């Protein structure tokens, strides 16, 4: 199997044992048949709302972007004005960085990031309501800058160069060096490995560089889905993920689910395998996509679900460590 990060191997043990979540392989077959019938294809890379520049500064942009790419929910809803449009969620994040960099804030400079304060980021992300975990995003941007400065001469380009066109080796280099990116958990006393933000970071570089230079990777097939909260919401909507009663009610009542709890780990593990079972079934029906592509394609559908879909699971992302 390969699986040199062990995301598939460890998460497969969760899916086999899982009590609150299961895959409906009949629904997988139906959806594969339909997505393959209209030979569907993923979004390219939405380079309207992503900042653009030279090799060194752009590679740093991607690392910063995915360093604070998490948890956008809470009331009142966090919205952002940018260039005549109002944005929320992940698109509010990317617009907020484009705006800032365009107003001349050096978010690609290690020295600036290492020193960046609560006040700075409060303003970078200012708008309707406030971005969740404002302080934690400040700490992570400081942590990101210091590591860039010390270990990679302020250039994420150096870290990427070291990977040698291996997506899998880059994720390893990232999690080894940047504590914020260490996305693992336990389930019934076993380590489960996810590497959500670390893995998406690799996919974003492939997008931003059109699979050339710093975005060149020979093993993108090895990436898994990026297990957060939108893709499972879509897989449930498509009938591929089923939730048992107590968990279905929590999600419907918009009750927060403690991070690293069995129910939370079950949803993320099932999201990885939900996407993988869909990739295999699409491949069987003559439509070969990589796992990250099926994830990109599903996250895409998540932007336009009908109102009255089961709400996404709400987890206060934790990393309150590195002391």
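Numbering follows the first chain given and starts at 1.
Visitor: Going by the mean C-alpha B-factor recorded in the entry, which is higher: 78 to 86 or 171 to 179?
Guide: Looking at the record's C-alpha B-factors, the answer is 78 to 86.
Visitor: Name the higher of the two by mean Cα B-factor in the PDB entry, 146 to 154 versus 231 to 239.
Guide: According to the PDB entry, the answer is 146 to 154.
Visitor: Can you tell me which of 53, 264, 277, 66 has the maximum CA B-factor listed in the PDB entry?
Guide: Across 53, 264, 277, 66, the entry lists the biggest C-alpha B-factor for 53.
Visitor: Which is it among 307, 20, 14, 23: the one with the largest CA B-factor in the entry?
Guide: If I rank 307, 20, 14, 23 by C-alpha B-factor, first place goes to 307.
Visitor: Residue 245's Cα B-factor: lowest, middle or highest third of the chain?
Guide: Its C-alpha B-factor belongs to the middle third of this chain's values.
Visitor: Can you work out whether the C-alpha temperature factor of residue 117 puts it in the lowest, middle or highest third of the chain?
Guide: Answer is highest: the recorded C-alpha B-factor places it there.
Visitor: Tell me, lowest, middle or highest third: where does the Cα B factor of residue 212 rank within its chain?
Guide: Highest third, going by the recorded CA B-factors of the chain.
Visitor: Considering every modelled residue of the chain and its Cα B-factor in the PDB entry, is residue 38 in the lowest, middle or highest third?
Guide: Highest third - that is where residue 38 ends up once the chain's C-alpha B-factors are sorted.
Visitor: Could you tell me which third, lowest, middle or highest, the C-alpha B-factor of residue 30 occupies within its chain?
Guide: It falls in the middle third of the chain.
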